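As C-alpha cells, the structure follows; a few thoughts come after it.
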Amino acid sequence: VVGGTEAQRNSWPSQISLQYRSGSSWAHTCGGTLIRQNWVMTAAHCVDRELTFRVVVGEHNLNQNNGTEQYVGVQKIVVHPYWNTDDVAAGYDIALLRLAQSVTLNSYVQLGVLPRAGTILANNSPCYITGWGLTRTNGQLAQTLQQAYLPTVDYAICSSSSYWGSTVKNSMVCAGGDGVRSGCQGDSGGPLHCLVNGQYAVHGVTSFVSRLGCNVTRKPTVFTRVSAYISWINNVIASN
Ligand SMILES: [Ca+2]
C-alpha cells in the first residue's frame, strides 16, 4: 500500500498473508480474506505459480512474533474456471483456498463479511485497502499492516477514456486514483473493505494497478467485484 498509515492490530481480522516456501524460508506474496474457518478468498493470479503455499492468520508484523499468528497449509486451490493468466483485464481474478485445518476465531482472527450478490456501491463510497505490499512503486514490502482510505470510482467514470477505458469491466471495482494512495504489488488478492449499513464488508479482491506505477492519478487500483461472485463462492464451498 502506497500512501498508507499503519493499521492497529485488531483492526482488520479477516486479512491474511499468503506466503510461499522460498528455499528454507517463506515469503509473503499476496493478501487474502478469511471467509470460513477453513476457506480463504484471494486473487487467481496469486496462485498461478505451482508453489508451496501457506496462510498466516492474525498477523501484524511480518518479521516479528506478534504472539497472535496461526500458520496453516493450503490443501486445495479452486481458481475461477474462466480465469485466464494472459488476460487479467478479462476479469475472473478470484480463487478460493481450502485450508488444511480450521483456524481458531478470536479477536485477531475473524471471518470477513461478504456483500449481497449484485451490490454495486455509489461513486465515492468510503472504503479502505489493507495489505503488506510495496509502499512505493518499485519499493519494498511493508513490515506491518498498512491501510489507505480509498473511495470508490464508479464504473462509468472508471471505464471512461481518461481513466482505464475498456480494460476495466463491470465485474470489477475501481478505488482511489488520486496519485497519492493506492494498492501496490504484494497487496494483490487482499481486501477492499467498504462501510455499508454500519458494517465493513469485503467488496473487492485487489487485482491490478497500472503498468506505469502503483499510485498514478486517474489510474485507480482495480479490484475483482466480490458481489459478482457470490453464487460461485457458495457453490464451491458447498461442494468441497
Ligand atoms: Ca508476526
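We're sticking with Swiss-Prot numbering for chain A, so the shown stretch reads 27-266, in order.
Each residue, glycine too, has its Cβ placed from N, Cα and C.
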Check for me: which candidate out of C200, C210 does Swiss-Prot give as the disulfide partner of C184?
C200
Looking at Swiss-Prot, which of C72, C220 bridges to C153 via a disulfide?
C220
Out of the disulfide-bonded residues I have (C56, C72, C153), which ones have their Cβ sitting under 6 Å from ligand 1?
none
Three states by DSSP: which one describes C184 (disulfide bond)?
helix
Can you check which residue among the recorded positions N87, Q90, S214 has the largest number of Cβ atoms within 10 Å of its own?
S214
